[PDB]
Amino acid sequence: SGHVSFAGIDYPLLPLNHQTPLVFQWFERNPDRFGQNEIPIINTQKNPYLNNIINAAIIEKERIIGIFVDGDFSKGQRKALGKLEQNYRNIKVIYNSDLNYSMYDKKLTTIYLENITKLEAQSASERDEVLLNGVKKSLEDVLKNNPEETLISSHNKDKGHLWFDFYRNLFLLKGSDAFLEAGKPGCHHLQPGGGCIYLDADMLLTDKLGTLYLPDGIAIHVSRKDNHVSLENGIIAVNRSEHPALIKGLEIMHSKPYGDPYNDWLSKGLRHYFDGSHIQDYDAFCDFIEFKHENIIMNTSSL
């Protein structure tokens, strides 16, 4: 079609054409279980992820493919990627540290003390003292820990899947203009403030994707098992840099102690923007926001 309507509000279908890079990501918790001249990206029987990205890139030789990487990498491991970039020159390896996220950041001192004030400003006969006393100990712990400790820093390699699911959302905020910001070659063909398409390393390209259309230019993976639907970070595709729905999620991260990429940023951000006030069912959002493509065998890590 040409559009779709949700909550009584109308939403046009926006193009994501074959310029639009596929993004993969690998945040490797440990680099030293790899050879120091091995591409520090996992390619094993249960998940041969390094095979699923190349084959993706081969199926799409004339669309850019980004590999969003992060980990304390040996010089030789960085040149394993280097060989990978010249041996296939649509592939663009991008180091997390080569991007500046300061414009999207916040200090937990700030974030906590905000909530401390909000709660203390409410009726004592109404307020969440249980929470009121947790954010102050979180406060108590960050002071002693480190004055200038922020959201972005917190969600570190130590913090497991919050490491890579947090920075993912940041990446997409920066979108296609991030190929430029690290300095990656032969990316002049990317449009400004342009979108991207993240992929779990395990969503398998089979055949060409083509030119995607979305409600307001955003879609995400939705799980459907067996009797269940969820929204997933397995696929994320936007049509531009700093899409609002994710922007709102970045705000909810700034305005909540203990925000979470999955529940707060991704999930509630999308849905508050799309459904600020909850007129449509959750599922009827999941359907409205679902990313459909027949040429990808979705989320093959469950097998």
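Heads up: residue numbers just count along the shown sequence, starting at 1.
Item to complete: Report the stretch with the higher mean CA temperature factor, choosing between 110 to 118 and 139 to 147 on the basis of the entry.
Response: Between 139 to 147 and 110 to 118, it is 139 to 147 that shows the higher mean C-alpha B-factor.
Practice prompt. Compare the mean C-alpha B-factor of 259 to 267 with that of 48 to 56 as given in the PDB entry, and name the stretch with the higher value.
Written response: It is 48 to 56 that shows the higher mean C-alpha B-factor.
Fill in: Largest Cα B-factor, entry values, listed residues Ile235, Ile252, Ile67, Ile39
Of the candidates given, the C-alpha B-factor peaks at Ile39.
Worksheet entry | Within-chain third of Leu131 by Cα B-factor, per the entry | Its C-alpha B-factor, which the entry lists for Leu131, ranks in the middle third among residues of this chain.
Practice prompt. Check where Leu162 lands among this chain's C-alpha B-factors and tell me if it's the lowest, middle or highest third.
Written response: Bottom third by C-alpha B-factor.
Discussion item. Could you place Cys196 in the lowest, middle or highest third of its chain by Cα temperature factor, using the values in the record?
Written reply: Its C-alpha B-factor belongs to the lowest third of this chain's values.
Item to complete: Comparing against every modelled residue in the chain, figure out the third that the C-alpha B-factor of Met203 lands in (lowest, middle or highest).
Response: Its C-alpha B-factor, which the entry lists for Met203, ranks in the middle third among residues of this chain.
Discussion item. What third of the chain does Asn100 rank in for C-alpha temperature factor, lowest, middle or highest?
Written reply: Middle third of the chain for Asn100's C-alpha B-factor.
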